[PDB]
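Asker: Numbering (PDB author numbering), first residue to last: 613 to 668. Beta carbons: idealized from backbone N, C-alpha and C, even for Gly.
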RNA sequence: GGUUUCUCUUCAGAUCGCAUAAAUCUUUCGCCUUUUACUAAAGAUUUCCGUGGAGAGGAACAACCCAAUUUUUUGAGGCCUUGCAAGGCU
Ligand SMILES: O=P(O)(O)O[C@H]1[C@H](OP(=O)(O)O)[C@@H](OP(=O)(O)O)[C@H](OP(=O)(O)O)[C@@H](OP(=O)(O)O)[C@H]1OP(=O)(O)O
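(1) Just the Cα atoms here: how many angstroms apart are residue 646 and residue 634?
(2) For residue 626 and residue 615, what's the separation of their Cα atoms in angstroms?
(3) Does DSSP classify residue 645 as helix, strand or coil?
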């Protein structure tokens, strides 16, 4: 923002340089995909196989 | 003999990747009723999004000029004495 809004360009809602913000989430998603595949596999296993009686 | 393009196997040393996530455990910290979810540094171990080398199979596109000094175009041949060799010669 401070680099975009310089000179004649004033403060206001028009900056559209979206690569940086987009990039950060993509890296978040790289980490959270394994986690959710494991967690959601447990949710589905508990839904279809049933609750498992002996436990851990 | 080539190039491009898919699948599989194997080995990864290289900033394996001029980029960068998550989880588990152990130490120390911050939160302060308990547990999720957490705060932030160190170390260890995994997962995940990508990469490189090698090999095998399939498919597609192209093709079976120096003879005149310093070297290589000659100072080249002939005589005498001693035990071919040495020397004196022309
Ligand atoms: O200049 P703008 O494009 O209008 O941006 C504004 C403004 O930015 P600046 O004043 O820094 O130029 C706000 O800043 P404050 O007025 O609060 O100081 C900022 O707030 P943040 O600095 O917290 O981002 C606000 O963001 P938001 O609308 O989320 O409050 C943001 O507007 P946008 O970022 O939404 O364009």
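Answerer: In short:
(1) 20 Å
(2) So the alpha carbons of these two residues sit roughly 13 Å apart.
(3) helix
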